[PDB]
Student: 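Sharing a structure, written as structure tokens. Questions coming.
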Amino acid sequence: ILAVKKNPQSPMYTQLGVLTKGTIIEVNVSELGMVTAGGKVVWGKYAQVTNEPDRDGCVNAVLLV
Amino acid sequence: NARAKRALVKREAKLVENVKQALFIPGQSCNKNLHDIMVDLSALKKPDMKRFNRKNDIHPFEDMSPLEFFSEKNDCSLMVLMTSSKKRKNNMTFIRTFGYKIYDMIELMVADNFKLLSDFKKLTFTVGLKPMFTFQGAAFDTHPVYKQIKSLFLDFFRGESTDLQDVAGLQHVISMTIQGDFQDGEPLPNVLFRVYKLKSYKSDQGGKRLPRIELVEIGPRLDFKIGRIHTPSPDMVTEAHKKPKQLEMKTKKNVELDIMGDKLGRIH
Amino acid sequence: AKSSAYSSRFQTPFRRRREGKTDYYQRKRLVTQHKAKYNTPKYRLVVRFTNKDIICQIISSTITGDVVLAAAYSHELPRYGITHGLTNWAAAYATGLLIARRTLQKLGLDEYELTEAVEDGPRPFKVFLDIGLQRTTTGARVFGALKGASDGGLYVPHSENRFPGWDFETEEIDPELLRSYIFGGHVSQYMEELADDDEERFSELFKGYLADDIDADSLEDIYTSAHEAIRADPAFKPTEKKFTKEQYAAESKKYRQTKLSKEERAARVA
Amino acid sequence: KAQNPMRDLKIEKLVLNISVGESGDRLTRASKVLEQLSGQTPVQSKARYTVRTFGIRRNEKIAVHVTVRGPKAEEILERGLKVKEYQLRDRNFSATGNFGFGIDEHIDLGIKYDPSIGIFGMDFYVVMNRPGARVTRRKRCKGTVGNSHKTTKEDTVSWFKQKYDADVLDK
Amino acid sequence: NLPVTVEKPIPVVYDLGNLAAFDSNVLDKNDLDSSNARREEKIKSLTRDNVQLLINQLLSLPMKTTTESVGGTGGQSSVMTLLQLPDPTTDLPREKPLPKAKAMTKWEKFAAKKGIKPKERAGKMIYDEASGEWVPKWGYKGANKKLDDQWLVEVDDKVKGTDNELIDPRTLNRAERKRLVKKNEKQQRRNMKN
Amino acid sequence: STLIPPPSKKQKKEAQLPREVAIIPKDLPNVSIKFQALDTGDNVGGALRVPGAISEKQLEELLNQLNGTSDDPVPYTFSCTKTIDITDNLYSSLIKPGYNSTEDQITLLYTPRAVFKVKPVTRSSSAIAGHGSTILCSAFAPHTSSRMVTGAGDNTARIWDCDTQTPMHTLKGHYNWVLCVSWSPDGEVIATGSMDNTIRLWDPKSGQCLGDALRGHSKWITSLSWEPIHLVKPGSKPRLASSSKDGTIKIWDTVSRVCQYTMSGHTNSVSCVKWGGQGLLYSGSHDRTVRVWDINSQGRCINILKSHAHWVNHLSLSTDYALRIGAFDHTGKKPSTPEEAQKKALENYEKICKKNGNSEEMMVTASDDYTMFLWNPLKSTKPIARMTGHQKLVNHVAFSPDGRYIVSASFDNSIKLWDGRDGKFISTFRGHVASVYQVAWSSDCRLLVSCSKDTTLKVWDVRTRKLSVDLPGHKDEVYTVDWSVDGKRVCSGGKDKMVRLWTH
RNA sequence: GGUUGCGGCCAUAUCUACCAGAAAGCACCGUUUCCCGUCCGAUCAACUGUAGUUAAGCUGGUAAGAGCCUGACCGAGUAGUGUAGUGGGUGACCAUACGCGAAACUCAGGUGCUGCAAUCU
RNA sequence: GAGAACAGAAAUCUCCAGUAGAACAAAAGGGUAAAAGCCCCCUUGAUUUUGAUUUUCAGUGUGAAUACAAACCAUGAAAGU
């Protein structure tokens with residue numbers, strides 16, 4: 001995980017870094033091998049957390065492509 | 001309205017200033033030789049040049065307001081007024097302005113032993129690339145008048161500022177040489193202005209990296225006699241030489257940035 | 001009934017704007033505007049079409065008037081084997097290919113400058129297309145000449161939405177239609193269509209092909225052979241001059257009207 | 001000079017104008033009948049000003065017109081001259097060698113009457129020029145025409161006498 | 001095979017940022033006066049030597065190469081090698097003075113005194129609960145002007161008893177909005193005067 | 001975008017400080033040198049003293065004069081043993097670093113090179129459409145660089161004219177995906193092996209199909225190889241060797257359209273088949289073995305090489321460039337007679353085959369056990385060398401056209417460069433962020449091109465062992481890449497259904 | 001010397017009325033299936049140089065035409081304009097030395113110079 | 001300035017002349033004419049996101065505003081804007 005972009009509950013939770021369901025995070029995608037149309041290697045993108053880590057002990061997210 | 005706002009934003013001051021524009025103003029009395037020399041200088045300056053065509057009643061050493069008005073209206077910080085008189089024949093007055101106000105003025109006279117750009121009839125360089133400069137004379141480092149001349153010509157013909165240069169763009173060189181070293185109490189020697197184009201050849205003694213250079217003159221060749229001076233006030237000098245420092249990182253003791261980009265602190 | 005005050009206050013444009021053949025708004029951006037500030041010189045591939053000729057010139061701007069680096073004309077095409085249609089899409093493609101190959105041979109790029117001291121390999125020759133006063137339309141001979149130069153081996157930055165066969169619905173091209181226009185399939189199809197529809201119209205149109213006994217199915221063959229010959233030998237051979245400079249000058253000044261002197265004019269008035 | 005075939009005066013364009021004044025259904029029907037007459041869709045002209053007496057607001061539709069060129073224009077012109085029984089005034093021509101006239105009813109042109117159509121009047125105008133008039137129109141090297149080459153009123157009258165053999169009455 | 005090693009008595013100085021070379025050697029008036037026919041040769045030779053020194057410095061400067069292809073933003077392709085010019089040494093006067101630091105406005109002073117942090121300004125889209133769409137909170141088709149387009153407005157109880165009862169509430173709210181905008185403009189003009 | 005750290009104040013002052021000029025001293029003394037051949041280990045002239053300001057061209061002319069071939073010189077490259085090449089001149093190469101002093105000797109290893117040069121491909125010529133599905137294979141014609149064959153997943157192959165970047169011929173005989181395509185080394189016929197277990201032959205000039213399809217394989221075709229021209233007797237056409245998933249290699253005579261031999265020793269799917277220059281065939285298969293068959297002995301397996309612990313994905317021969325090129329060269333000249341074609345093909349093959357004493361035909365096998373093996377099957381049966389270091393499976397392996405280098409492209413997003421004679425490790429090419437599928441040399445063995453899963457092609461300079469240029473433009477995965485014989489064009493194809501042409 | 005394409009200086013090049021232009025080029029002109037665009041193939045787009053013409057485009061000569069432009073040892077170092085020696089003058093102001101410095105007027109004149117490439121009976 | 005039924009001082013069409021005397025902003029003593037004026041096409045993203053960099057804030061110190069730059073984005077055949 002690189003950063004927390006937007007926690008949907010509140011900007012206070014966003015700046016505190018709370019990982020809840022629906023939170024937009026920034027992830028490192030270096031091992032995904034993404035290249036732009038201009039030849040730049042992509043190593044950072046956005047994902048949305050789709051579970052409750054407080055409930056199941058892990059963070060699952062969907063990459064926003 | 002948005003276009004006018006964009007024009008105002010472009011005109012207003014900024015941390016990294018644009019290339020200085022030069023405006024060529026005919027005076028009350030003008031000559032074909034003056035027009036040809038102005039055309040050659042404007043060709044060396046373009047595309048940072050504007051040229052007026054009509055006649056203007058301008059006396060820089062008697063009144064500054066029309067020049068200041070022209071500078072503020074045209075957003076040109078360099079002024080070249082071409083005039084003629086019996087006492088001053090073929091007079092070119094270079095007015096460099098600061099904040100739409102007169103920073104400094106020099107007044108030179110062009111000698112008759114000059115050849116125009118079309119006299120040589122030689123192949124010249126591409127339009128709009130920065131030249132190389134050469135200055136010959138210890139008065140460029142010691143004498144205030146020649147200091148002003150050197151700074152004015154560097155600022156006039158410097159053009160775009162860059163930190164990356166294509167070797168295919170190093171075409172021509174402008175040389176300003178003082179006609180013999182002088183002494184105090186003597187008349188100021190004339191300044192000789194020449195323009196050469198480079199031809200590179202294989203050297204056979206500098207390897208394949210350092211070619212032999214040769215110069216072919218393309219004109220104009222000019223002799224400037226230093227007629228009149230007008231120097232700025234020291235507070236204006238300091239204000240014009242102030243630096244923004246917004247862009248550069250602040251220096252801090254015992255704090256460095258390594259090759260990987262990590263900020264590092266030193267311990268004693 | 002124009003007034004003398006109007007005559008004094010009149011402000012004429014530049015000469016090339018008066019006899020309108022130069023767009024200075026386009027020229028200033030082509031010459032004095034740069035993507036980067038590295039002082040890399042620019043070159044223009046000027047393409048012009050007359051009623052019977054095509055002019056392609058590679059020009060570098062210069063403070064004392066610009067200078068031509070290389071040029072090619074459509075009246076050199078009979079040398080390579082094109083004696084008909086010297087002003088069509090295929091002729092434009094051949095002219096672009098010819099000027100590209102000629103420039104490459106002149107520069108030695110494809111079979112002592114200051115760049116060779118710093119860089120190991122010569123750069124590809126980059127030019128910018130100059131069209132002057134022409135309409136940018138899908139399927140134009142100027143873009144045909146651009147395609148010819150690009151296939152010849154010059155780096156001309158371009159998109160492909162102006163070539164023939166570009167579909168306006170989906171951002172895609174029809175390379176079959178493009179190749180047909182390259183090798184003159186539209187001309188051959190018109191030839192067959194006229195021969196089947198109106199023999200009277202085909203009497204006037206395509207008369208030279210009938211005179212030389214050139215078939216409608218041989219246009220592709222002759223265009224291919226012309227391309228092969230141009231790629232084989234693209235060097236410039238100037239036309240032989242039957243007369244000389246002073247001969248032409250004297251013969252022209254024989255017909256030119258002689259100036260009358262001021263004293264002769266005063267005598268005529270008096 | 002007159003023997004040269006390049007000085008012939010031909011039909012440059014025939015413009016048919018119907019100025020209905022009040023926008024709406026009558027304008028639509030005028031456009032429809034002009035379409036059925038000339039075989040081509042018309043072009044409308046926007047309002048230029050606002051006059052209460054004229055009953056026209058700002059930027060509305062006032063007139064339709066059709067520009068016809070070629071043998072179709074020749075056929076329309078000969079039908080119009082048949083309606084006009086081959087007689088025009090000396091004032092019907094202009095100082096630039098172009099001439100026009102009005103037709104009160106289009107039923108006399110040969111168009112079958114329809115009750116939905118109604119009755120429309122139309123202004124015919126014909127432009128005359130010699131070949132070489134595209135010099136003023138082309139994008140590149142737009143230049144003026146020669147003084148002697150310019151179409152004139154008496155030349156158009158002479159051409160009309162030669163072509164249609166109709167007397168141009170002084171009054 | 002002419003030499004490329006120009007030897008000079010007084011060592012010259014360079015400003016490679018301005019592409020300039022300055023030599024302060026001894027110049028004789030006799031060889032440079034107009035009475036001499038060899039003045040052109042002397043000046044050409046001196047400028048040639050200085051240009052040779054400057055070219056030596058420039059071609060010994062470090063060079064930047066890249067691997068990106070043509071047709072991309074940047075201007076430098078794989079085949080191009082660019083000299084890295086240092087910062088210019090010679091000082092020149094500016095054309096305009098530096099932009100002055102604007103004095104704090106009344107809002108800025110009040111916000112500093114009361115500890116009001118700047119807003120995050122993520123975007124201008126707000127969710128509408130009465131519908132199922134995201135709408136702009138201001139501007140073109142903004143949600144701040146929906147009362148004008150509202151089909152039915154209930155009349156406030158407090159308006160009754162005054163002569164402003166007959167007025168359209170949409171007109172009243174538009175007037176209040178314009179008054180607020182003009183008040184903001186007057187406050188801006190006041191800050192600029194101060 | 002992540003930027004490099006900016007220069008500091010002290011670094012800016014250092015930059016503004018005056019620079020040093022690399023000049024050749026006039027008082028440079030002579031240096032004692034001894035020549036030595038990299039290929040043969042032979043010395044010419046012994047200890048000879050040369051000036052310190054000697055250029056590479058002057059040294060080359062002096063070495064030609066020493067050898068006695070001044071009339072017809074052959075350019076050489078020089079290195080000194082760390083081993084460092086001679087870039088511009090001896091002083092700037094060795095004495096300026098100071099590793100070797102003037103009094104010491106210099107042992108110059110000289111190696112022959114190519115007379116011509118290939119410019120790197122820097123831009124995309126065109127993106128040509130026409131294929132309805134993903135592109136699976138592509139090749140260039142050996143005689144000319146204006147003809148490209150490309151087989152795709154729409155059951156068709158296409159012949160493209162590369163001069164105009166337009167389609168020329170459509171080949172629609174097969175029923176399933178066209179897995180592999182190949183051009184005859186004399187340039188006369190294109191052979192396509194498909195997913196429908198069939199092989200077809202096509203005349204390229206007419207875009208036509210010769211006879212019926214070649215049938216007999218019970219599984220899909222994996223690779224096609226041609227009989228070399230220098231072994232083909234004049235007046236006859238070369239035979240076609242085909243491998244397939246069923247584990248059998250079939251030999252086809254195209255003159256009579258028959259099958260002569262059906263080798264069946266492999267217990268598993270045959271990965272690839274190669275027809276070498278000494279009358280042998282080399283087959284690699286998923287049974288972790290390499291089988292060496294003799295064509296002259298009724299297709300009897302001469303040898304079985306067993307040293308890999310996984311599927312051998314690919315194999316390559318030292319003379320593969322000459323075998324594919326036949327008699328043609330980079331100038332595109334065609335011999336007049338079949339006898340002349342056979343003789344010129346023999347000379348071209350021998351240029352790589354017979355050198356430093358005895359002719360050898362080295363083989364390299366890249367397998368799924370993350371390794372490669374370097375073999376000399378004629379002399380010994382044990383592997384000559386083992387190349388290890390890849391962290392994932394090696395998908396492609398290629399010998400350089402001169403045979404002095406090996407390049408391995410792996411699924412760990414890397415390429416590796418190894419010595420061609422002993423197999424020792426030289427360098428690693430990095431810069432791909434997805435798995436590298438295949439690779440292709442240039443004609444003069446100075447440039448390399450690779451295609452990857454990250455939708456990019458990359459051109460590497462072998463001499464400096466760095467990335468020369470990066471070529472994006474493909475919108476999806478690239479599966480095939482090829483470089484023309486004359487070194488003027490590069491073709492690439494993949495999932496985007498587009499053929500990309502690249503030129504200088 | 002004519003002409004073409006790209007230009008520099010942007011009226012000595014502009015406007016109005018006559019006259020000439022052999023060859024080449026340029027232009028007018030011919031066709032609407034294809035690419036492309038309009039109410040109109042008028043403009044733009046495509047095709048043939050095939051059917052013709054120099055009638056216009058364009059170039060050049062002419063006019064005490066209008067306009068414009070250039071040298072003056074032409075006004076003239078003149079008008080005007082800032083200091084000054086204690087110059088006078090209780091007075092509205094006056095010559096002088098050092099600086100800066102016009103235009104109107106008059107004479108002599110003019111209607112394009114040119115760079116790059118290609119081509120020409 | 002002339003021509004065209006209603007239609008004249010004002011409706012709409014056609015031709016010639018037309019240095020801008022129109023319409024846009026500033027208060028030019030030289031703003032804009034194959035436009036900076038009118039119409040048509042494409043974009044609704046313009047409150048993007050990255051920064052060891054500038055200034056400010058914080059008990060939530062790798063966060064936000066802020067300045068500057070870069071990567072993108074829009075359009076165009078392209079130069080480029």
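Values below: every heavy atom of this structure, side chains too, minus hydrogens, waters and symmetry copies. A note on names: the letters A, B, ... follow the listed sequences, proteins ahead of strands, and every chain is numbered from 1.
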Student: Under 5.5 Å between six-ring centres and under 30° between planes, true for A55(G) and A56(G)?
Tutor: yes
Student: Taking atom CZ of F236(C) and atom OH of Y73(C), what is their separation to the nearest 0.5 Å?
Tutor: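 Rounded to the nearest 0.5 Å, the CZ-OH separation comes out at 8.5 Å.
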Student: With a centroid cutoff of 5.5 Å and a plane-angle limit of 30°, would you call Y190(C) stacked on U33(G)?
Tutor: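 Yes, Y190(C) stacks on the base of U33(G), since the ring centres sit under 5.5 Å apart and the planes are within 30°.
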Student: Just to be sure I understand the rule, does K119(E) reach a base, reach only the sugar-phosphate, or reach nothing, if contact means heavy atoms closer than 4.0 Å?
Tutor: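 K119(E): backbone/sugar contact only, no base atoms under 4.0 Å.
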Student: Considering only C36(G), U31(G), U4(G), which nucleotide approaches the side chain of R201(C) most closely?
Tutor: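 When the side chain of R201(C) is considered, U31(G) is the closest of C36(G), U31(G), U4(G).
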Student: Could you label the plane-to-plane angle of the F101(D) and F99(D) rings as parallel, tilted or perpendicular, counting under 30° as parallel and over 60° as perpendicular?
Tutor: parallel
Student: CG/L210(C) to CE/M191(C) distance, rounded to the nearest 0.5 angstrom?
Tutor: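 Between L210(C) CG and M191(C) CE, I get 6.0 Å after rounding to 0.5 Å.
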Student: If stacking means aromatic ring centre less than 5.5 angstrom from the base's six-membered ring centre, planes under 30°, is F128(C) stacked on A79(H)?
Tutor: no
Student: Would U50(H) and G51(H) be classed as stacked, given the thresholds of under 5.5 Å between six-membered ring centres and under 30° between planes?
Tutor: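 When the rule is applied to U50(H) and its neighbour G51(H), the answer comes out as yes.
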Student: Give one of base, sugar-phosphate or nothing for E26(A), where a contact means two heavy atoms less than 4.0 Å apart.
Tutor: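 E26(A): backbone/sugar contact only, no base atoms under 4.0 Å.
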Student: Any base atoms under 4.0 Å from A122(E), or only sugar-phosphate, or nothing? Heavy atoms, all strands.
Tutor: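 Base: the residue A122(E), judged by heavy atoms under 4.0 Å, touches a nucleobase.
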Student: By nearest heavy atom, map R51(B) and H75(C) onto RNA chain G; which one lands nearer the 5' end?
Tutor: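 Nearest-nucleotide comparison on RNA chain G picks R51(B).
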Student: Of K262(C) and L177(C), whose nearest nucleotide on RNA chain G comes first from the 5' end?
Tutor: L177(C)
Student: Compare every heavy atom of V47(C) with every heavy atom of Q134(C), then report the nearest pair and how far apart it is.
Tutor: NE2-O, 2.9 Å
Student: Which glycosidic conformation, syn or anti, is assigned to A22(H) if syn requires a torsion within 90° of zero?
Tutor: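 Anti for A22(H); the angle lies over 90° from 0.
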Student: Under the side-chain contact (heavy atoms from CB on, under 4.5 Å) test against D123(D), which residue among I103(D), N17(D), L16(D) passes?
Tutor: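 Of the listed residues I103(D), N17(D), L16(D), the side-chain contact (heavy atoms from CB on, under 4.5 Å) partner of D123(D) is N17(D).
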Student: Counting only Watson-Crick or G-U wobble pairs whose two distances fall under 3.5 Å, which nucleotide matches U119(G)?
Tutor: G2(G)
Student: What nucleotide, of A2(H), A22(G), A56(G), holds the atom closest to the side chain of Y255(C)?
Tutor: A22(G)
Student: Does the sign of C1'-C2'-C3'-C4' make the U111(G) sugar north or south?
Tutor: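 Because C1'-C2'-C3'-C4' is negative here, the pucker of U111(G) counts as south.
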Student: The side chain of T96(D) lies closest to which of these nucleotides: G101(G), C16(H), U47(H)?
Tutor: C16(H)
Student: Take the six-membered rings of bases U31(G) and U32(G), measure centre-to-centre distance and interplanar angle, and say whether these fall under 5.5 Å and 30° respectively.
Tutor: yes
Student: Pick north or south for the sugar of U49(H); the rule is positive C1'-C2'-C3'-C4' for north, negative for south.
Tutor: south
Student: Choosing from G30(G), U59(G), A17(H), which nucleotide comes nearest the side chain of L205(C)?
Tutor: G30(G)
Student: Taking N7, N6, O6, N4 and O4 as major-groove atoms and purine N3, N2 and pyrimidine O2 as minor-groove atoms, which groove is under 5.0 Å from the side chain of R16(C)?
Tutor: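 Major groove.
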Student: Check the chi torsion on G18(H) and let me know: syn if it falls within 90° of 0, anti if not.
Tutor: anti
Student: Give the ring-plane orientation class for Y181(C) versus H186(C), where under 30° counts as parallel, over 60° as perpendicular and anything between as tilted.
Tutor: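 The arrangement is parallel - the two ring planes meet at less than 30°.
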Student: Between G77(G), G67(G), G29(H), which nucleotide has the shortest distance from any of its atoms to the side chain of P66(B)?
Tutor: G29(H)
Student: Do we see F52(B) stacking on the base of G30(H), given a limit of 5.5 Å between centres and 30° between planes?
Tutor: yes
Student: Report whether the bases of the adjacent nucleotides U32(H) and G31(H) stack, using ring-centre distance under 5.5 Å and plane angle under 30°.
Tutor: yes
Student: Please report the sugar pucker of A56(G) as north or south based on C1'-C2'-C3'-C4'.
Tutor: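 North.
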Student: Name the nucleic acid region contacted by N88(C), choosing base, sugar-phosphate or nothing; use a 4.0 angstrom heavy-atom cut-off, strictly under.
Tutor: sugar-phosphate
Student: Could you say whether the aromatic ring of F70(B) and the base of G29(H) stack, counting only centre distances under 5.5 Å and plane angles under 30°?
Tutor: no
Student: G18(H) and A17(H), neighbours in the strand: six-membered ring centres under 5.5 Å and planes under 30°?
Tutor: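 For these two strand neighbours, the answer is yes: their six-membered rings meet both cut-offs.
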Student: Is the phosphate of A102(G) approached by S85(B) (side-chain N or O, under 4.0 Å from OP1 or OP2)?
Tutor: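 For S85(B), the contact criterion (side-chain N or O under 4.0 Å from OP1 or OP2 of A102(G)) is met.
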Student: So what's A20(G) paired with, Watson-Crick or G-U wobble, going by both distances under 3.5 Å?
Tutor: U59(G)
Student: Categorise the sugar of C40(H) by the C1'-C2'-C3'-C4' dihedral sign as either north or south.
Tutor: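 It's north.
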Student: Heavy atoms from C-beta onward define the side chain here; which of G7(G), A25(H), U43(G) lies closest to that of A4(B)?
Tutor: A25(H)
Student: Using the aromatic ring of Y248(C) (for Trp, its six-membered ring), decide whether it stacks on the base of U121(G) within the limits of 5.5 Å and 30°.
Tutor: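 No; centroid distance or tilt outside limits.
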Student: With heavy atoms under 4.0 Å as the rule, sort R48(D) into base, sugar-phosphate or nothing.
Tutor: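 Sugar-phosphate, no base atom in range.
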Student: May I ask you to classify the sugar pucker of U62(G) as north or south from its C1'-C2'-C3'-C4' sign?
Tutor: north
Student: Measure the CD-OG1 distance between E35(D) and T41(D) for me, rounded to the nearest 0.5 Å.
Tutor: 7.5 Å
Student: Please state the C1' separation for the pair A23(G) and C116(G) - nearest whole angstrom.
Tutor: 25 Å
Student: Do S94(D) and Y125(D) come close enough that some side-chain heavy atom pair is under 4.5 Å?
Tutor: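 Side-chain contact under 4.5 Å: yes.
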Student: Among the nucleotides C36(G), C26(G), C120(G), which one has an atom lying closest to any side-chain atom of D53(C)?
Tutor: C26(G)
Student: Of the nucleotides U81(H), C13(H), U55(H), which one has an atom closest to the side chain of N17(D)?
Tutor: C13(H)
Student: Nearest to the side chain of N56(B), which nucleotide is it out of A65(H), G30(H), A34(H)?
Tutor: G30(H)
Student: Checking understanding here: a glycosidic angle within 90° of 0 is syn, the rest anti, so what is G8(H)?
Tutor: syn
Student: Which heavy atom in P131(D) sits nearest to a heavy atom in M6(D), and how many Å separate them?
Tutor: CD-O, 3.4 Å
Student: Have a look at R7(D) and say if it touches a base, only the backbone sugar-phosphate, or nothing, with a 4.0 Å heavy-atom cut-off.
Tutor: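 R7(D): backbone/sugar contact only, no base atoms under 4.0 Å.
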Student: Can you tell me how far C1' in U12(G) sits from the matching atom in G5(G), rounded to whole Å?
Tutor: 26 Å
